[PDB]
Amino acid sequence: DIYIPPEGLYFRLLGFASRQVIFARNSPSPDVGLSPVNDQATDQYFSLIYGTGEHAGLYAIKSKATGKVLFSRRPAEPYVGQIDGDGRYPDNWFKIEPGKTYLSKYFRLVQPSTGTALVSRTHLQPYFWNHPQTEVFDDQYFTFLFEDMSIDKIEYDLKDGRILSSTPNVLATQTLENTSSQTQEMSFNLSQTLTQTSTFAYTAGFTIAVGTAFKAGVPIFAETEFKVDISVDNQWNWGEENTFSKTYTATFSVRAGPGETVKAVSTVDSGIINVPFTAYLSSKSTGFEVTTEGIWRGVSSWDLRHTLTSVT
């Protein structure tokens, strides 16, 4: 079940085959066609108008540059183009038809009343065109390349945290020092660094572009509960594994007995952990809000422990 944008949200239509994007302008001379992506060209941005009535479940595609709406039709030339009136004509309404396999993030834009499918290709002219819908070719598939969106907030569902694995890792055994009897002080220092892991995986909602850079706190098991470690300021990449460092730091002293040599074993539970979350985004142009649901996953550490003994 593919994510279709609501009405206030802008996007590009990237063709599978052409690897190029639809434009709609007023001038210059060819008013619609294909172009290499330019993020700053308003030309290439479109939003949808949700059909109602008999058009419920269909969509018109409104140019942001121009305000006009796309059309696909067979007899009258040209077969595709732009036009006023927010879907006045039956030519402006489109069924979104998701593909399968390697086309499962792609979809057709079929206009049913004319039995016509939008076409995006570089091998043949015109590059942006249509085709009889019954004959399905790969160059009829499109994907959404959404407008740049800022990740305002990550809110974890900590109650539903989960430990998927757990093994003790001894950070520093050694740290054992002596002068048999009375004395008074033996001070101990702990500085050990573990490479932890972090992945923000899509689950539902808005499709954040893979690779998107952002910052956030990352989950942590305390002793009986999950919490957010706000200290960790690494740049994450949406949907990819990142690594970060966690340094464990402690100082503690001992000696006060008859005649003993102190040992200090500093130990941690490490293992895989995961936590659901919801991200909150907004359009950088507009302020328009969406959310994304996700599961966060990471190799982590918890329950720092220092154990003190004696020998003779």
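Numbering starts at 1 and follows the sequence shown.
- The stretch 184 to 192 shows the higher mean C-alpha B-factor when 184 to 192 is compared against 115 to 123 in the entry.
- Averaged over CA atoms, B-factors in the entry run higher in 73 to 81 than in the other of 73 to 81 and 99 to 107.
- For the set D160, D229, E241, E147, the PDB entry puts the maximum C-alpha B factor at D229.
- Take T197, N178, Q140, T143 and read off each C-alpha B-factor from the entry; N178 has the highest.
- Looking at the C-alpha B-factors along this chain, the one for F214 belongs to the lowest third.
- Among all modelled residues in its chain, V136 ranks in the middle third by Cα B-factor.
- For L304, the recorded CA B-factor ranks within the highest third of the chain. Only modelled residues enter the ranking.
- Residue-level temperature factors show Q174 in the highest third of its chain, judged at the C-alpha atom.
- The PDB entry assigns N234 a C-alpha temperature factor belonging to the highest third of its chain's modelled residues.
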